[PDB]
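S.K.: Here's a structure for you.
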Amino acid sequence: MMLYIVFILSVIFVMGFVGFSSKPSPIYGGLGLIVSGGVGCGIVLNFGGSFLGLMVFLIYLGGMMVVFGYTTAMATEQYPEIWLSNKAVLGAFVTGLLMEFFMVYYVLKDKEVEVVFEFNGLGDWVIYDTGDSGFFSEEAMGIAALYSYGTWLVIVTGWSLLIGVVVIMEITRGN
Amino acid sequence: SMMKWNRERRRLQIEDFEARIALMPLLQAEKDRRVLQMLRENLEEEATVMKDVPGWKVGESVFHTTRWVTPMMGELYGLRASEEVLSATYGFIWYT
Amino acid sequence: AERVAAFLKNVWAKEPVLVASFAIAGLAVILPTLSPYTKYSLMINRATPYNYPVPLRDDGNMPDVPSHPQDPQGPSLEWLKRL
Amino acid sequence: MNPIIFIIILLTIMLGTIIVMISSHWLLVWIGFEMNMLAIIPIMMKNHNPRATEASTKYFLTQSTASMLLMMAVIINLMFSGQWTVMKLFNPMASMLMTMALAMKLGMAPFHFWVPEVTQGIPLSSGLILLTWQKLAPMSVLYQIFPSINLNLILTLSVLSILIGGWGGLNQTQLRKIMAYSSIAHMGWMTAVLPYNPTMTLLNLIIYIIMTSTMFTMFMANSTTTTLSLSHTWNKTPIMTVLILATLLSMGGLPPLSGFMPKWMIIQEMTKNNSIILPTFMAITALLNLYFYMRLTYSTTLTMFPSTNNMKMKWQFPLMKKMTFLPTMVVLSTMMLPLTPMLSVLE
Amino acid sequence: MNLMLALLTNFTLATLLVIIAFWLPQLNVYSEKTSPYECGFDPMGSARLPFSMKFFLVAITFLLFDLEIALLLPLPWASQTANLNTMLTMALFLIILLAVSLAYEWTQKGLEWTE
Amino acid sequence: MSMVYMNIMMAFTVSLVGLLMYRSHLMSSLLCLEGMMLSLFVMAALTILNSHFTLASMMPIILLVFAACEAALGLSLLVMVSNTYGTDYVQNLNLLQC
Amino acid sequence: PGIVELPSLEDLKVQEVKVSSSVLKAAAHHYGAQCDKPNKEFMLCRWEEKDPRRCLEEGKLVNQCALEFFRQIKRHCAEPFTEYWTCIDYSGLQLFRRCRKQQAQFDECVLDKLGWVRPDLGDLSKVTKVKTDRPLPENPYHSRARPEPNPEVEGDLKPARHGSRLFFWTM
Amino acid sequence: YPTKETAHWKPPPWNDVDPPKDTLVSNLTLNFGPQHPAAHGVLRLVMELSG
Amino acid sequence: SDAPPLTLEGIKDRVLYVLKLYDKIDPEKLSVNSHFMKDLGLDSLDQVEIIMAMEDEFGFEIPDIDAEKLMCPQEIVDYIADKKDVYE
Amino acid sequence: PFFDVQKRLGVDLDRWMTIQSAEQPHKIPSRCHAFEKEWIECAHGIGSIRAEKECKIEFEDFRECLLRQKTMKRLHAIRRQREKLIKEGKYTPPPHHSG
Ligand SMILES: CCCCCCCCCCCCCCCCCC(=O)OC[C@H](COP(=O)([O-])OCC(O)COP(=O)([O-])OC[C@@H](COC(=O)CCCCCCCCCCCCCCCCC)OC(=O)CCCCCCCCCCCCCCCCC)OC(=O)CCCCCCCCCCCCCCCCC
Ligand SMILES: CCCCCCCCCCCCCCCCCC(=O)OC[C@H](COP(=O)(O)OCCN)OC(=O)CCCCCCCCCCCCCCCCC
């Protein structure tokens, strides 16, 4: 149904993580982290945060593009592997799927699964707020606050990024 | 040119925000009666669904405090129409 | 005085794009300090009524707080209209 | 590496450590750890040889994994308490994750395998930053969350470190792995007394830092990274052989030397809480540490090992290295026992 | 909902065209037709051998710079704050550091591709 | 905790277990580190958005910033690993303690 | 922990205002000046009580002024107004700026027929004081008694007796 | 304490630098013709590329 | 652990086994002292192919000058011993 | 903090984001503002050991407003009972809930 869009997207979210966690060739591993990046952007979006959802998807699209260019250089062999071409990758891929299937089965039937934490299967929609906000996006206001409120966060983040450039220039210089 | 028009646009926004402010007291009053009407309807029906359960105090709170606690989506729309709930929860996010 | 116009003219003939970058960047960091309308910018932001203006309880000693939205008391946006 | 870049990178490591120490927000504490880890790798790879690359690769993987666990604990704590304060955690599951995360960064067993390896693959100076300055931040977080740390978890790690640390170093001839395992064993004493009295954790950490720093400085003076190499020092700097003897004896906890103070004060606190068996086991188990410290003295100071003919050429040159703070550190690392009651200043 | 339908329609249309492409034409398959194309002669070695990246250092920098847009895209909303003096200072501070990052890599031959 | 939190925490564990169990490629184990960041990002975003913790809305953004300072750092070592050996196999990093 | 006390369906019933949103937007500026008192008195109750059930009575008086407000427009400016809000309703953003002509016809009719004066820019945003006989609520959060604090330590400092008293040290 | 396993372990290099390895990676080889727009039809230009 | 040491009896099995796999030598009359050319009838190239198998067997390079003299299985076993210093 | 420099220098570096009842942009309140305020005001100064026992109610209420476990269990019980009664033709849906 439609009331369970977030739960369905989260199931697909886990399936992508089982995807690249099996560690096929990073070409397919990068594909899995892009699929989960997209649906992960959907889940956040359905909770109200559209800027956050688009940001993570956008940032991971760029990052996984650099990984692709590196895979053809440092992480490639004559016969790249798929989820079917190894027993280790196949055994791990089917393992994670069954463990997700049994969680979806018990939560949707029992309505209460306790594994470390207690989880409730009534439906994600039961916790949403009822009232409306004002004439603005609440999450947008908070992200804008980074500059008026987060002065200390900007300074460290800006400094860390600047050193990040310097650091990789030293590491990769070689000789 | 761009600055004057933008400056004109800040004044238009204020005239738009003030009109909202003149209406909020009426919308607050309407929203209150709407929630309370729905909380009672959920309470009234629960009385006919837990009429036999031995250990059950109808309409009992779950908090120790007696303060007013704003109801969550599950409470307010307990058993309303399926499509009514979907637009209540994802109506704004999905409306484009 | 003879070497300042020799570095500038050397870069302008080799790095015209960089000259336009530093020159543009400099005005962004300087002009806001020197502008007289920068104060108005901050005042217009405070003038945008996002929240509801919750009223006050009249204790009887608040002559600076208006009794009606159309009273002389209280801040006015007259400066905004003429701006 | 350009000398300007070395300082800025060093100042970022300290800034990462200092941010963790002054922060009152679980987000900044994580940022501090990330900033520290960012600027520590280049110092390992300041020479660009295959062993530095392996050490940096192994060091990056371990700390980044630890950081994911520490951030995961911070999020679970946010859900169950709705606040970011750097104080006691509000969920048993988050405390376990944070404790393991911090134990991974410190190198406490069983998450210890990297410490012998990273130190061996990096210069002596780099190892000094890895085994002294990199404990300040992980320790300043245990100091603030010890009330919520599980008792059985923390003590188990300490009993494993003192055992793994003691046995591991028996088999080593490299000086950078003897100090790697000496570090692990000393982490056990620091975290064993944390549940009972955090003040004694600081004292054990301060004495450990001085003795460790003194050891590395004297190794750097002669450029010695093996047991045999250190055996020729009696033919170059005989005064340096005696200082190594005194420092090594102190590190073993022998009285009346400073290295006995942290052990002495730790036993007191545990006994006052009716913990008799554990300090006894820790004290006896520390004889393993003293044994492989005594082999260094036998090969270094108490006997004269064979030399080489070309050694005669070194007699004619002075020791040109900085050896900064060495004369002060050597004194503080042997002759502080009479000033034991000064530990109250740490409170 | 409306977005979902549009997404489902665009990709369904493309899939049908792919299905039609493979099932409408008359086919004639044999080994020499499906071999890899390298200008008429057989390729020497697999296309899966390593392919050197002469701009690896520029690629890594892209990650770090590509984050600045995450921290910079809020600026249109940030300008609406009442504390414009602080917000203005940090917005320029953040952008200025990005330029200093670029100028450091530029001078250090970072942007120059290797050989 | 709603049924969504189960999948995001289930996803984090899958990435965590994936990271700890290396196969051969170092790049394959770098993705799992980036995968864990995505789980934590989503889990924080759901928690912060749901409770209307307005100022905390900047936390997930800051998280991504250092999420990529590791990826950049992680790829930097991978370049240096393959230069020495020609491939990013982890079995070649066995000079230390052996 | 007790039953949640809610009003009956009879206690929440009132003559409702059934004019679409385009109508309210077009008539909000005159509504924000004529019905200021009955509903500024309501919002103060609502904020201070922090309980929908404690300000229902004030809520009914908001609908009263709102209804009587429209009856006045319906009896004098019925036609010029219906032209006004119809134009606003046409747009999807319900923009004021595209209906300034019809606004003048509506402002002049109310001004002449009813004497209403439109608020000036920045008026409805002001913070106003409202006189109410309703007592100021005590403990609106229904908070229990806070725990008593730890006793304070007082007295001039004196040096420790016999020193540190650490094993054998005499100082 | 030598064992069965650690019999073959060798002392690390005096200066910590291990010998560089032999030929590892070969340049990609590509046929730039003869059926190429820029090969003038009849030029099989066999190239060895590094990237 | 340290692998078992090479012994002159161990080498002998390897050589004969390698020769046994060869399809031109008749297994019946292949003695440790039999001659490749005269006894087994192999030609020059047939002899060169056998020496190539021995390189694969023990994994080391044999120069052409030496292989010109390995005319019977015995000296092969001798030659392998001389390279691995298997005096036994 | 290990070194409470902020208190010494009187500079707020990160305490503005520690709690969700702090000042927010445009005075936007959080969903559990009222409960977090009471727990913090109950437990101020007495210390953590006491607040673990004397302010236990105000913290259980807060923990309910966050995860709503005690609330979802109640709803879960009603749904279970309702689907049972409606399974054997014994529950008549009220008009508004459906129609
Ligand atoms: C050092 C520890 C022993 C080492 C031996 C090895 C033992 C290792 C195991 C450690 C066992 C635990 C620690 C020891 C047990 C202490 C337990 C205790 O209750 O402490 C009470 C102890 C005394 O309390 P008390 O019983 O109420 O009063 C003692 C008397 O009434 C007297 O007090 P007073 O106030 O009436 O008169 C003070 C008296 C000083 O007090 C004493 O000397 C005798 C008091 C000792 C108490 C009995 C302890 C047993 C050990 C005896 C040590 C013999 C010290 C004399 C050595 C020959 C020098 C005359 O005379 C003065 O020196 C005048 C004041 C000088 C002020 C200096 C101003 C700054 C300038 C500093 C310049 C430094 C010199 C530069 C060098 C230039 C050379 C050209 O206070 C302490 O906690 C301090 C502990 C450390 C003792 C230091 C005493 C000597 C100070 C001068 C250093 C001379 C070298 C010392 C040998 C070190 C070589 C490695
Ligand atoms: C309140 C805060 C505001 C201040 C912000 C402070 C940060 C400023 C820098 C931020 C931007 C990052 C760039 C910093 C590096 C400057 C550029 C540089 O480093 O050039 C070095 C250059 C190396 O190239 P080279 O191989 O030597 O070729 C030339 C041969 N001589 O060798 C050279 O040629 C160097 C020549 C000197 C470079 C001078 C650069 C001047 C920059 C400021 C110009 C501002 C003035 C214009 C604006 C005023 C308004 C119009």
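Each chain in the structure tokens gets a letter, A, B, ..., in the order shown, and its residues are numbered from 1; ligands are numbered from 1 in order too.
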Please return, as a PyMOL selection string, all residues of chain J that DSSP assigns to helix (DSSP H, G or I) on the basis of the backbone.

M.R.: chain J and resi 5-9+15-17+25-27+33-42+48-54+56-67+69-87+95-98

S.K.: Using only C-alpha atoms and all ligand atoms, find each residue with an atom at most 7 Å away from ligand 1 and format the answer as a PDB file with N, CA and C atoms, in the first residue's frame.

M.R.:
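Heads up, here's the output in part.pdb:
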```
ATOM      1  N   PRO D 256      62.948   2.749  44.545  1.00  0.00           N
ATOM      2  CA  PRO D 256      62.192   3.941  44.924  1.00  0.00           C
ATOM      3  C   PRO D 256      62.019   4.888  43.745  1.00  0.00           C
ATOM      4  N   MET D 335      63.012  10.332  40.019  1.00  0.00           N
ATOM      5  CA  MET D 335      63.162  10.945  41.334  1.00  0.00           C
ATOM      6  C   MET D 335      61.944  11.779  41.687  1.00  0.00           C
ATOM      7  N   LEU D 337      59.305   9.965  43.451  1.00  0.00           N
ATOM      8  CA  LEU D 337      58.611   9.214  44.491  1.00  0.00           C
ATOM      9  C   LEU D 337      58.490   9.984  45.799  1.00  0.00           C
ATOM     10  N   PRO D 338      59.502  10.716  46.270  1.00  0.00           N
ATOM     11  CA  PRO D 338      59.328  11.469  47.520  1.00  0.00           C
ATOM     12  C   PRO D 338      58.227  12.505  47.463  1.00  0.00           C
ATOM     13  N   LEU D 339      57.827  12.953  46.274  1.00  0.00           N
ATOM     14  CA  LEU D 339      56.774  13.948  46.123  1.00  0.00           C
ATOM     15  C   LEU D 339      55.441  13.319  45.746  1.00  0.00           C
TER      16      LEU D 339
ATOM     17  N   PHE G 168      53.082   7.598  55.124  1.00  0.00           N
ATOM     18  CA  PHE G 168      54.075   8.038  56.089  1.00  0.00           C
ATOM     19  C   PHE G 168      54.444   9.507  55.952  1.00  0.00           C
ATOM     20  N   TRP G 169      54.055  10.164  54.865  1.00  0.00           N
ATOM     21  CA  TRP G 169      54.421  11.559  54.682  1.00  0.00           C
ATOM     22  C   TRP G 169      53.897  12.400  55.835  1.00  0.00           C
ATOM     23  N   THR G 170      54.774  13.229  56.388  1.00  0.00           N
ATOM     24  CA  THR G 170      54.462  14.064  57.538  1.00  0.00           C
ATOM     25  C   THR G 170      53.936  15.436  57.146  1.00  0.00           C
ATOM     26  N   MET G 171      53.773  15.705  55.856  1.00  0.00           N
ATOM     27  CA  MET G 171      53.258  16.989  55.397  1.00  0.00           C
ATOM     28  C   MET G 171      52.162  16.788  54.356  1.00  0.00           C
TER      29      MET G 171
END
```

S.K.: Find, counting only C-alpha atoms, the residue in E:17, E:72, E:84, E:58 that gets nearest to residue 38 of chain C.

M.R.: E:84

S.K.: As a quick test: using only C-alpha atoms and all ligand atoms, which residues lie no more than 7 Å away from ligand 2? Give them as a list in words.

M.R.: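 These are the residues that qualify: residues 22, 23, 24, 25, 26, 27 and 29 of chain C; 96, 99, 100, 103 and 107 of chain E.
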
S.K.: Find the residues of chain H in contact range of chain F, meaning any atom within 9 Å when counting only C-alpha atoms, and list them as a list in words.

M.R.: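 Going by the stated atoms only, the list reads residues 6, 9, 10, 12, 20, 21, 24 and 25 of chain H.
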
S.K.: Go ahead and compute the interatomic distance for atom CA of residue 128 of chain A and atom CA of residue 33 of chain B, in Å to one decimal.

M.R.: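 Distance between the two atoms: 20.2 Å.
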
S.K.: Which one is closest to chain D: F:64, F:49, F:4, F:37? Count only C-alpha atoms.

M.R.: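 Comparing F:64, F:49, F:4, F:37 against chain D, the winner is F:37.
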
S.K.: Near residue 52 of chain J, within 12 Å and counting only C-alpha atoms, which residues show up once chain neighbours fewer than 5 positions away are dropped, as a PyMOL selection string?

M.R.: (chain D and resi 88+90+147-148) or (chain G and resi 147) or (chain J and resi 39+42-44+46-47+57-60)
